[PDB]
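A.B. asks: I'm passing along data-v8.txt; it holds compact mmCIF, C-alpha atoms.
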# COMPACT_ATOMS: atom_id res chain seq x y z
CA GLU A 486 -1.21 -40.96 -72.92
CA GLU A 487 0.41 -39.95 -76.22
CA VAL A 488 3.47 -42.11 -75.44
CA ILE A 489 2.02 -44.78 -73.13
CA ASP A 490 -1.35 -46.38 -72.44
CA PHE A 491 -3.29 -46.02 -69.19
CA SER A 492 -5.96 -48.10 -67.55
CA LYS A 493 -9.27 -46.85 -66.27
CA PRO A 494 -8.62 -44.97 -63.02
CA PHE A 495 -8.37 -47.20 -59.98
CA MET A 496 -8.75 -44.15 -57.74
CA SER A 497 -10.40 -40.84 -58.60
CA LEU A 498 -9.53 -37.69 -56.71
CA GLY A 499 -9.18 -33.93 -57.07
CA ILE A 500 -7.95 -30.76 -55.47
CA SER A 501 -9.10 -30.03 -51.92
CA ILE A 502 -8.49 -27.72 -48.97
CA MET A 503 -6.46 -28.55 -45.85
CA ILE A 504 -6.87 -26.43 -42.72
CA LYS A 505 -5.81 -26.68 -39.11
CA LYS A 506 -8.52 -28.17 -36.95
CA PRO A 507 -10.56 -25.44 -35.22
CA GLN A 508 -9.67 -25.44 -31.54
CA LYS A 509 -11.46 -24.22 -28.45
CA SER A 510 -11.00 -20.51 -29.06
CA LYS A 511 -9.42 -18.56 -26.25
CA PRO A 512 -12.39 -16.84 -24.59
CA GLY A 513 -12.74 -13.23 -25.62
CA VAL A 514 -13.27 -10.22 -23.43
CA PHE A 515 -17.01 -9.55 -23.55
CA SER A 516 -17.78 -13.21 -24.23
CA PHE A 517 -20.46 -12.82 -21.55
CA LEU A 518 -22.66 -11.14 -24.18
CA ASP A 519 -22.49 -14.12 -26.56
CA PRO A 520 -25.67 -15.84 -25.31
CA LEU A 521 -27.70 -12.98 -26.81
CA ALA A 522 -27.23 -11.29 -30.17
CA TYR A 523 -26.04 -7.70 -30.26
CA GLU A 524 -29.41 -6.58 -31.62
CA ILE A 525 -31.11 -7.96 -28.51
CA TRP A 526 -28.73 -5.98 -26.31
CA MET A 527 -29.40 -2.74 -28.19
CA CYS A 528 -33.15 -3.32 -28.10
CA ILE A 529 -32.76 -3.89 -24.36
CA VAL A 530 -30.95 -0.58 -23.95
CA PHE A 531 -33.53 1.38 -25.90
CA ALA A 532 -36.46 -0.40 -24.24
CA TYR A 533 -34.93 0.65 -20.92
CA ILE A 534 -34.79 4.23 -22.19
CA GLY A 535 -38.36 4.10 -23.47
CA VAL A 536 -39.82 2.52 -20.35
CA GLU B 16 -8.80 10.21 18.23
CA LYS B 17 -7.58 12.13 15.18
CA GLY B 18 -3.90 11.69 16.01
CA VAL B 19 -4.06 7.91 16.30
CA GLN B 20 -6.11 7.65 13.10
CA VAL B 21 -3.54 9.74 11.21
CA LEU B 22 -0.77 7.59 12.67
CA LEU B 23 -2.49 4.42 11.48
CA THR B 24 -3.02 6.00 8.05
CA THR B 25 0.66 6.88 7.66
CA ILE B 26 1.78 3.47 8.95
CA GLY B 27 -0.57 1.75 6.52
CA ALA B 28 0.66 3.88 3.64
CA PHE B 29 4.28 3.01 4.39
CA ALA B 30 3.47 -0.68 4.87
CA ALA B 31 1.40 -0.95 1.69
CA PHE B 32 4.05 0.85 -0.36
CA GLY B 33 6.72 -1.47 1.01
CA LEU B 34 4.68 -4.61 0.42
CA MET B 35 3.83 -3.63 -3.15
CA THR B 36 7.42 -2.68 -3.99
CA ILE B 37 8.54 -6.00 -2.51
CA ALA B 38 5.98 -7.91 -4.56
CA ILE B 39 6.92 -6.12 -7.78
CA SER B 40 10.66 -6.57 -7.28
CA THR B 41 10.27 -10.08 -5.88
CA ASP B 42 9.99 -13.05 -8.23
CA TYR B 43 7.88 -15.49 -6.19
CA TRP B 44 4.41 -14.89 -7.63
CA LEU B 45 3.70 -18.20 -9.39
CA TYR B 46 4.97 -21.73 -8.79
CA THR B 47 4.53 -23.82 -11.92
CA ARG B 48 6.20 -26.18 -14.40
CA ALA B 49 7.81 -24.81 -17.55
CA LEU B 50 9.33 -26.34 -20.66
CA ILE B 51 12.40 -24.06 -20.49
CA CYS B 52 13.93 -25.49 -17.34
CA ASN B 53 16.44 -28.10 -18.62
CA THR B 54 14.22 -30.86 -17.20
CA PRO B 78 6.08 -31.57 -19.18
CA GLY B 79 8.84 -29.43 -17.72
CA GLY B 80 10.76 -28.40 -14.64
CA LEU B 81 9.63 -26.56 -11.54
CA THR B 82 9.87 -22.78 -11.75
CA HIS B 83 9.07 -19.83 -9.51
CA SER B 84 8.26 -16.68 -11.46
CA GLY B 85 7.22 -13.09 -10.97
CA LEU B 86 6.37 -10.08 -13.09
CA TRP B 87 9.69 -9.79 -14.94
CA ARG B 88 11.93 -12.86 -14.56
CA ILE B 89 11.60 -16.58 -13.93
CA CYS B 90 13.91 -18.79 -11.85
CA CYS B 91 14.22 -22.56 -12.02
CA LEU B 92 14.29 -24.64 -8.86
CA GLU B 93 14.91 -28.36 -8.44
CA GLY B 94 16.77 -28.71 -11.72
CA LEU B 95 20.20 -28.79 -13.30
CA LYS B 96 19.91 -25.09 -14.13
CA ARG B 97 19.04 -24.41 -10.50
CA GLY B 98 19.17 -20.79 -9.38
CA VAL B 99 19.56 -19.21 -12.82
CA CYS B 100 16.96 -16.51 -13.44
CA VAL B 101 16.12 -15.28 -16.93
CA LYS B 102 13.91 -12.47 -18.19
CA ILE B 103 10.42 -13.61 -19.14
CA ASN B 104 9.84 -13.86 -22.89
CA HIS B 105 6.40 -12.43 -23.52
CA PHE B 106 4.84 -12.69 -26.96
CA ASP B 115 -5.33 -10.66 -31.81
CA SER B 116 -5.42 -6.96 -30.96
CA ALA B 117 -6.84 -7.58 -27.48
CA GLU B 118 -4.24 -10.28 -26.82
CA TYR B 119 -1.54 -7.84 -27.93
CA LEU B 120 -2.82 -5.12 -25.60
CA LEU B 121 -3.03 -7.59 -22.71
CA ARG B 122 0.53 -8.76 -23.34
CA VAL B 123 1.74 -5.15 -23.43
CA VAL B 124 -0.03 -4.24 -20.19
CA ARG B 125 1.23 -7.39 -18.48
CA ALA B 126 4.80 -6.73 -19.59
CA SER B 127 4.83 -3.08 -18.52
CA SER B 128 3.15 -3.95 -15.20
CA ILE B 129 2.04 -0.34 -15.22
CA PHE B 130 -0.92 -1.00 -12.92
CA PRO B 131 0.93 -2.36 -9.85
CA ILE B 132 3.59 0.31 -10.36
CA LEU B 133 0.86 2.95 -10.53
CA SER B 134 -0.63 1.52 -7.34
CA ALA B 135 2.69 1.91 -5.55
CA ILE B 136 3.21 5.42 -6.94
CA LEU B 137 -0.26 6.51 -5.84
CA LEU B 138 0.31 5.05 -2.38
CA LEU B 139 3.55 7.04 -2.14
CA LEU B 140 1.84 10.26 -3.22
CA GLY B 141 -0.98 9.65 -0.76
CA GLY B 142 1.45 9.17 2.10
CA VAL B 143 3.18 12.38 1.07
CA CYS B 144 -0.16 14.21 1.06
CA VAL B 145 -0.90 12.84 4.53
CA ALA B 146 2.47 14.08 5.78
CA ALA B 147 1.62 17.50 4.34
CA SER B 148 -1.73 17.33 6.14
CA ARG B 149 0.42 16.91 9.25
CA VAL B 150 1.82 20.38 8.45
CA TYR B 151 -0.80 22.47 6.62
CA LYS B 152 -3.44 21.65 9.21
CA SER B 153 -5.58 24.43 7.72
CA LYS B 154 -5.93 23.07 4.17
CA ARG B 155 -8.45 20.25 4.61
CA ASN B 156 -8.53 19.17 0.94
CA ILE B 157 -5.25 17.26 1.29
CA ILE B 158 -6.24 14.30 3.48
CA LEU B 159 -8.96 13.96 0.83
CA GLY B 160 -6.52 13.61 -2.03
CA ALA B 161 -4.71 11.03 0.07
CA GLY B 162 -7.87 8.93 0.36
CA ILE B 163 -8.72 9.26 -3.32
CA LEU B 164 -5.21 8.15 -4.23
CA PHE B 165 -5.32 5.18 -1.85
CA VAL B 166 -8.65 4.01 -3.26
CA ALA B 167 -7.42 4.43 -6.83
CA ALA B 168 -4.28 2.46 -5.94
CA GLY B 169 -6.45 -0.37 -4.68
CA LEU B 170 -8.40 -0.34 -7.93
CA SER B 171 -5.19 -0.40 -9.97
CA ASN B 172 -3.93 -3.35 -7.94
CA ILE B 173 -7.18 -5.19 -8.67
CA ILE B 174 -6.70 -4.51 -12.38
CA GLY B 175 -3.09 -5.68 -12.29
CA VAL B 176 -4.08 -8.90 -10.55
CA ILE B 177 -6.78 -9.54 -13.14
CA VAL B 178 -4.36 -8.86 -16.00
CA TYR B 179 -1.70 -11.13 -14.51
CA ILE B 180 -4.11 -14.02 -13.98
CA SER B 181 -5.65 -13.61 -17.44
CA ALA B 182 -2.28 -13.45 -19.21
CA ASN B 183 -0.85 -16.50 -17.45
CA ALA B 184 -3.65 -18.62 -18.90
CA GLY B 185 -3.22 -19.95 -22.42
CA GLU B 186 -4.41 -22.55 -24.89
CA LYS B 196 1.22 -27.22 -17.09
CA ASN B 197 -1.10 -27.89 -14.15
CA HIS B 198 -1.23 -28.02 -10.35
CA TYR B 199 0.17 -24.49 -10.34
CA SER B 200 0.02 -22.26 -7.27
CA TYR B 201 0.47 -18.67 -6.14
CA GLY B 202 3.30 -17.44 -3.94
CA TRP B 203 3.65 -15.02 -1.07
CA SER B 204 4.33 -12.08 -3.41
CA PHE B 205 0.82 -12.37 -4.85
CA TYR B 206 -0.63 -12.28 -1.35
CA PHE B 207 1.63 -9.34 -0.52
CA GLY B 208 -0.08 -7.53 -3.38
CA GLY B 209 -3.48 -8.51 -2.01
CA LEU B 210 -2.52 -7.30 1.46
CA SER B 211 -1.36 -4.02 -0.07
CA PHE B 212 -4.76 -3.63 -1.72
CA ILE B 213 -6.63 -4.30 1.53
CA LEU B 214 -4.44 -1.89 3.49
CA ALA B 215 -4.84 0.82 0.86
CA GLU B 216 -8.62 0.57 0.99
CA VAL B 217 -8.59 0.64 4.80
CA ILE B 218 -6.39 3.73 4.98
CA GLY B 219 -8.50 5.44 2.34
CA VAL B 220 -11.49 4.84 4.59
CA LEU B 221 -9.62 6.27 7.57
CA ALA B 222 -8.47 9.34 5.64
CA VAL B 223 -12.01 10.03 4.44
CA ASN B 224 -13.24 9.73 8.02
CA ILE B 225 -10.55 12.19 9.11
CA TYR B 226 -11.67 14.63 6.42
CA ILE B 227 -15.26 14.21 7.59
CA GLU B 228 -14.40 14.95 11.22
CA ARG B 229 -12.19 17.92 10.36
CA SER B 230 -14.69 19.52 7.97
CA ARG B 231 -17.49 18.96 10.48
CA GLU B 232 -15.49 20.60 13.26
CA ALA B 233 -14.61 23.61 11.12
CA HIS B 234 -18.13 24.05 9.74
CA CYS B 235 -19.79 23.77 13.15
CA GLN B 236 -17.29 26.21 14.66
CA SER B 237 -17.90 28.70 11.84
CA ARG B 238 -21.69 28.45 11.88
CA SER B 239 -21.86 28.67 15.68
CA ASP B 240 -19.60 31.74 15.36
Take the structure in the file and give it back as structure tokens.
C.D. replies:
Amino acid sequence: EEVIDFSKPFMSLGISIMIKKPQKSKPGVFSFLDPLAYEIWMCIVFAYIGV
Amino acid sequence: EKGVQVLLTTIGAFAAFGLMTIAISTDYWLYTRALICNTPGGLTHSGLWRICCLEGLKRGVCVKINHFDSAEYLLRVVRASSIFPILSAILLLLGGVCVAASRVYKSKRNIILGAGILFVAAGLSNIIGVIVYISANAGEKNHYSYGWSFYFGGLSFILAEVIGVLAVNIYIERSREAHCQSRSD
């Protein structure tokens, strides 16, 4: 701008983040526990013990 | 009788060992389509170690399989080593040897027991190897199929379990005979 003259921006932008699209993750061993949180499983174990 | 049961046990041990060695050495486990076939890809028949192209310009050439996330790494290692089918074959061999010894040291009755334990453990190891193989093949190129080597492994598993049953029955009969003879004496 010190040596030329600009116009008002015709397109405003900024820095941003590019990532690879999340894919269907390869199922993990012990993915059969995913429907319930770990805390539920531990409470189940200790309720079994207590009962 | 006892003799025929022992004969069946030894025959089954030999047959299962042979089938499993054949399946391990053989390279006809999986029929699929692969990118590295010189033209989604070309037909291939694979195994545990090497893969061979069929119906292609590079027909008949067989090349070592290029394997390669901690769990994925461990699975790849176990699949590459194929330690579980090999262990199954080794345990079958040792069980057959123990049976042959039982054909000599007729007094020691805790031998035809080790044979049965080894046969059952071999069946379990074969199950594990099959699971590992199937899991590792999958990734994330269709209409794939399994060959006669895979079913040789399955037959080996079935035979091993059967002969383990027979060996345990033999141990039962022998221990019962000895115990009844002793108590009545």
A.B. asks: For range 498-511 of chain A, find every residue with an atom within 10 Å (counting only C-alpha atoms), except residues of its own chain fewer than 3 positions away, and show them as a ChimeraX atom specification.
C.D. replies: /A:494,514 /B:118,184-186
A.B. asks: Considering all atoms listed in the file, state which residue in the set A:515, A:529, A:536, A:520 is at the smallest distance from chain B.
C.D. replies: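 Between A:515, A:529, A:536, A:520, the residue approaching chain B most closely is A:515.
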A.B. asks: Of the candidates B:116, B:210, B:239, B:158, which shows the shortest atom-to-atom distance to chain A, using all atoms listed in the file?
C.D. replies: B:116
A.B. asks: Fewer than 6 positions away in the same chain doesn't count, so skip those; otherwise give me all residues within 8 Å of residue 137 in chain B, counting only C-alpha atoms, as a list in words.
C.D. replies: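 Neighbouring residues, sequence-local ones excluded: residues 164, 165, 167 and 168 of chain B.
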A.B. asks: Would you mind telling me which residue in B:138, B:180, B:161, B:45 lies nearest to residue 214 in chain B when using only C-alpha atoms?
C.D. replies: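 Between B:138, B:180, B:161, B:45, the residue approaching residue 214 in chain B most closely is B:138.
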A.B. asks: At what distance in Å, to one decimal, does CA of residue 37 in chain B lie from CA of residue 95 in chain B?
C.D. replies: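 CA of residue 37 in chain B lies at a distance of 27.8 Å from CA of residue 95 in chain B.
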A.B. asks: So how many Å separate CA of residue 231 in chain B and CA of residue 170 in chain B, to one decimal?
C.D. replies: 28.2 Å
A.B. asks: Taking (11.0, -8.5, -9.3) in the file's own coordinates, collect the residues within 12 Å, counting all atoms listed in the file, and hand them back as a CSV table (one decimal) with C-alpha atoms, in the frame of the given file.
C.D. replies:
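Once everything was written out, this is point-v2.csv:
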chain,number,residue,atom,x,y,z
B,35,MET,CA,3.8,-3.6,-3.2
B,36,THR,CA,7.4,-2.7,-4.0
B,37,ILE,CA,8.5,-6.0,-2.5
B,38,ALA,CA,6.0,-7.9,-4.6
B,39,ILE,CA,6.9,-6.1,-7.8
B,40,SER,CA,10.7,-6.6,-7.3
B,41,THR,CA,10.3,-10.1,-5.9
B,42,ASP,CA,10.0,-13.0,-8.2
B,43,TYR,CA,7.9,-15.5,-6.2
B,44,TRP,CA,4.4,-14.9,-7.6
B,83,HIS,CA,9.1,-19.8,-9.5
B,84,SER,CA,8.3,-16.7,-11.5
B,85,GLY,CA,7.2,-13.1,-11.0
B,86,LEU,CA,6.4,-10.1,-13.1
B,87,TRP,CA,9.7,-9.8,-14.9
B,88,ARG,CA,11.9,-12.9,-14.6
B,89,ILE,CA,11.6,-16.6,-13.9
B,90,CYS,CA,13.9,-18.8,-11.8
B,100,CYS,CA,17.0,-16.5,-13.4
B,101,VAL,CA,16.1,-15.3,-16.9
B,102,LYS,CA,13.9,-12.5,-18.2
B,103,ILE,CA,10.4,-13.6,-19.1
B,128,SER,CA,3.2,-4.0,-15.2
B,131,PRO,CA,0.9,-2.4,-9.8
B,132,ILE,CA,3.6,0.3,-10.4
B,204,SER,CA,4.3,-12.1,-3.4
B,205,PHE,CA,0.8,-12.4,-4.8
A.B. asks: Complete the atom set of range 158-203 of chain B to N, CA and C atoms and return it as a PDB file, in the frame of the given file.
C.D. replies:
ATOM      1  N   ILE B 158      -5.942  15.621   2.939  1.00  0.00           N
ATOM      2  CA  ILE B 158      -6.240  14.300   3.480  1.00  0.00           C
ATOM      3  C   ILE B 158      -7.389  13.686   2.687  1.00  0.00           C
ATOM      4  N   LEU B 159      -7.996  14.473   1.800  1.00  0.00           N
ATOM      5  CA  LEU B 159      -8.960  13.960   0.830  1.00  0.00           C
ATOM      6  C   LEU B 159      -8.260  13.389  -0.391  1.00  0.00           C
ATOM      7  N   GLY B 160      -7.310  14.138  -0.944  1.00  0.00           N
ATOM      8  CA  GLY B 160      -6.520  13.610  -2.030  1.00  0.00           C
ATOM      9  C   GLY B 160      -5.815  12.329  -1.645  1.00  0.00           C
ATOM     10  N   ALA B 161      -5.347  12.255  -0.401  1.00  0.00           N
ATOM     11  CA  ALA B 161      -4.710  11.030   0.070  1.00  0.00           C
ATOM     12  C   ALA B 161      -5.667   9.844  -0.032  1.00  0.00           C
ATOM     13  N   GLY B 162      -6.907  10.022   0.423  1.00  0.00           N
ATOM     14  CA  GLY B 162      -7.870   8.930   0.360  1.00  0.00           C
ATOM     15  C   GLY B 162      -8.229   8.551  -1.057  1.00  0.00           C
ATOM     16  N   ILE B 163      -8.419   9.547  -1.920  1.00  0.00           N
ATOM     17  CA  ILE B 163      -8.720   9.260  -3.320  1.00  0.00           C
ATOM     18  C   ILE B 163      -7.592   8.454  -3.938  1.00  0.00           C
ATOM     19  N   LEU B 164      -6.351   8.854  -3.670  1.00  0.00           N
ATOM     20  CA  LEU B 164      -5.210   8.150  -4.230  1.00  0.00           C
ATOM     21  C   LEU B 164      -5.110   6.730  -3.698  1.00  0.00           C
ATOM     22  N   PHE B 165      -5.367   6.533  -2.405  1.00  0.00           N
ATOM     23  CA  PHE B 165      -5.320   5.180  -1.850  1.00  0.00           C
ATOM     24  C   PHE B 165      -6.371   4.288  -2.496  1.00  0.00           C
ATOM     25  N   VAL B 166      -7.591   4.798  -2.649  1.00  0.00           N
ATOM     26  CA  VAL B 166      -8.650   4.010  -3.260  1.00  0.00           C
ATOM     27  C   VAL B 166      -8.308   3.679  -4.711  1.00  0.00           C
ATOM     28  N   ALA B 167      -7.809   4.667  -5.451  1.00  0.00           N
ATOM     29  CA  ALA B 167      -7.420   4.430  -6.830  1.00  0.00           C
ATOM     30  C   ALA B 167      -6.286   3.413  -6.921  1.00  0.00           C
ATOM     31  N   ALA B 168      -5.355   3.452  -5.969  1.00  0.00           N
ATOM     32  CA  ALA B 168      -4.280   2.460  -5.940  1.00  0.00           C
ATOM     33  C   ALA B 168      -4.839   1.065  -5.737  1.00  0.00           C
ATOM     34  N   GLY B 169      -5.810   0.920  -4.840  1.00  0.00           N
ATOM     35  CA  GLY B 169      -6.450  -0.370  -4.680  1.00  0.00           C
ATOM     36  C   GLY B 169      -7.101  -0.861  -5.957  1.00  0.00           C
ATOM     37  N   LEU B 170      -7.786   0.039  -6.663  1.00  0.00           N
ATOM     38  CA  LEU B 170      -8.400  -0.340  -7.930  1.00  0.00           C
ATOM     39  C   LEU B 170      -7.349  -0.788  -8.941  1.00  0.00           C
ATOM     40  N   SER B 171      -6.246  -0.047  -9.029  1.00  0.00           N
ATOM     41  CA  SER B 171      -5.190  -0.400  -9.970  1.00  0.00           C
ATOM     42  C   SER B 171      -4.583  -1.750  -9.628  1.00  0.00           C
ATOM     43  N   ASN B 172      -4.428  -2.041  -8.339  1.00  0.00           N
ATOM     44  CA  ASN B 172      -3.930  -3.350  -7.940  1.00  0.00           C
ATOM     45  C   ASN B 172      -4.899  -4.450  -8.358  1.00  0.00           C
ATOM     46  N   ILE B 173      -6.201  -4.216  -8.196  1.00  0.00           N
ATOM     47  CA  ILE B 173      -7.180  -5.190  -8.670  1.00  0.00           C
ATOM     48  C   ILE B 173      -6.974  -5.450 -10.157  1.00  0.00           C
ATOM     49  N   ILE B 174      -6.834  -4.374 -10.930  1.00  0.00           N
ATOM     50  CA  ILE B 174      -6.700  -4.510 -12.380  1.00  0.00           C
ATOM     51  C   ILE B 174      -5.430  -5.273 -12.724  1.00  0.00           C
ATOM     52  N   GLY B 175      -4.332  -4.974 -12.034  1.00  0.00           N
ATOM     53  CA  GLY B 175      -3.090  -5.680 -12.290  1.00  0.00           C
ATOM     54  C   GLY B 175      -3.196  -7.160 -11.983  1.00  0.00           C
ATOM     55  N   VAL B 176      -3.874  -7.500 -10.890  1.00  0.00           N
ATOM     56  CA  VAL B 176      -4.080  -8.900 -10.550  1.00  0.00           C
ATOM     57  C   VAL B 176      -4.881  -9.597 -11.638  1.00  0.00           C
ATOM     58  N   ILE B 177      -5.948  -8.946 -12.099  1.00  0.00           N
ATOM     59  CA  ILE B 177      -6.780  -9.540 -13.140  1.00  0.00           C
ATOM     60  C   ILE B 177      -5.958  -9.753 -14.406  1.00  0.00           C
ATOM     61  N   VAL B 178      -5.167  -8.754 -14.791  1.00  0.00           N
ATOM     62  CA  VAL B 178      -4.360  -8.860 -16.000  1.00  0.00           C
ATOM     63  C   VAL B 178      -3.353  -9.995 -15.871  1.00  0.00           C
ATOM     64  N   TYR B 179      -2.678 -10.076 -14.725  1.00  0.00           N
ATOM     65  CA  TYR B 179      -1.700 -11.130 -14.510  1.00  0.00           C
ATOM     66  C   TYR B 179      -2.336 -12.503 -14.647  1.00  0.00           C
ATOM     67  N   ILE B 180      -3.452 -12.717 -13.949  1.00  0.00           N
ATOM     68  CA  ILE B 180      -4.110 -14.020 -13.980  1.00  0.00           C
ATOM     69  C   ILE B 180      -4.584 -14.344 -15.390  1.00  0.00           C
ATOM     70  N   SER B 181      -5.163 -13.366 -16.086  1.00  0.00           N
ATOM     71  CA  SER B 181      -5.650 -13.610 -17.440  1.00  0.00           C
ATOM     72  C   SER B 181      -4.505 -13.954 -18.383  1.00  0.00           C
ATOM     73  N   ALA B 182      -3.385 -13.238 -18.277  1.00  0.00           N
ATOM     74  CA  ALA B 182      -2.280 -13.450 -19.210  1.00  0.00           C
ATOM     75  C   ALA B 182      -1.606 -14.788 -18.974  1.00  0.00           C
ATOM     76  N   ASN B 183      -1.469 -15.203 -17.714  1.00  0.00           N
ATOM     77  CA  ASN B 183      -0.850 -16.500 -17.450  1.00  0.00           C
ATOM     78  C   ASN B 183      -1.564 -17.614 -18.199  1.00  0.00           C
ATOM     79  N   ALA B 184      -2.892 -17.576 -18.232  1.00  0.00           N
ATOM     80  CA  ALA B 184      -3.650 -18.620 -18.900  1.00  0.00           C
ATOM     81  C   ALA B 184      -3.389 -18.618 -20.396  1.00  0.00           C
ATOM     82  N   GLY B 185      -3.423 -19.809 -20.987  1.00  0.00           N
ATOM     83  CA  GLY B 185      -3.220 -19.950 -22.420  1.00  0.00           C
ATOM     84  C   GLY B 185      -3.822 -21.246 -22.914  1.00  0.00           C
ATOM     85  N   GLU B 186      -3.863 -21.369 -24.238  1.00  0.00           N
ATOM     86  CA  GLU B 186      -4.410 -22.550 -24.890  1.00  0.00           C
ATOM     87  C   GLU B 186      -4.368 -22.396 -26.403  1.00  0.00           C
ATOM     88  N   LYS B 196       2.352 -27.851 -16.423  1.00  0.00           N
ATOM     89  CA  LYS B 196       1.220 -27.220 -17.090  1.00  0.00           C
ATOM     90  C   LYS B 196      -0.071 -27.481 -16.325  1.00  0.00           C
ATOM     91  N   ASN B 197       0.049 -27.639 -15.013  1.00  0.00           N
ATOM     92  CA  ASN B 197      -1.100 -27.890 -14.150  1.00  0.00           C
ATOM     93  C   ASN B 197      -0.607 -27.850 -12.707  1.00  0.00           C
ATOM     94  N   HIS B 198      -1.547 -27.989 -11.775  1.00  0.00           N
ATOM     95  CA  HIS B 198      -1.230 -28.020 -10.350  1.00  0.00           C
ATOM     96  C   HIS B 198      -0.425 -26.800  -9.924  1.00  0.00           C
ATOM     97  N   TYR B 199      -0.561 -25.702 -10.664  1.00  0.00           N
ATOM     98  CA  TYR B 199       0.170 -24.490 -10.340  1.00  0.00           C
ATOM     99  C   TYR B 199      -0.344 -23.905  -9.023  1.00  0.00           C
ATOM    100  N   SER B 200       0.336 -22.861  -8.559  1.00  0.00           N
ATOM    101  CA  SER B 200       0.020 -22.260  -7.270  1.00  0.00           C
ATOM    102  C   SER B 200       0.580 -20.844  -7.246  1.00  0.00           C
ATOM    103  N   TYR B 201       0.083 -20.059  -6.298  1.00  0.00           N
ATOM    104  CA  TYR B 201       0.470 -18.670  -6.140  1.00  0.00           C
ATOM    105  C   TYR B 201       1.339 -18.510  -4.900  1.00  0.00           C
ATOM    106  N   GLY B 202       2.336 -17.633  -4.995  1.00  0.00           N
ATOM    107  CA  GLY B 202       3.300 -17.440  -3.940  1.00  0.00           C
ATOM    108  C   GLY B 202       2.970 -16.269  -3.032  1.00  0.00           C
ATOM    109  N   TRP B 203       3.879 -16.031  -2.088  1.00  0.00           N
ATOM    110  CA  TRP B 203       3.650 -15.020  -1.070  1.00  0.00           C
ATOM    111  C   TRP B 203       3.718 -13.600  -1.626  1.00  0.00           C
TER     112      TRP B 203
END
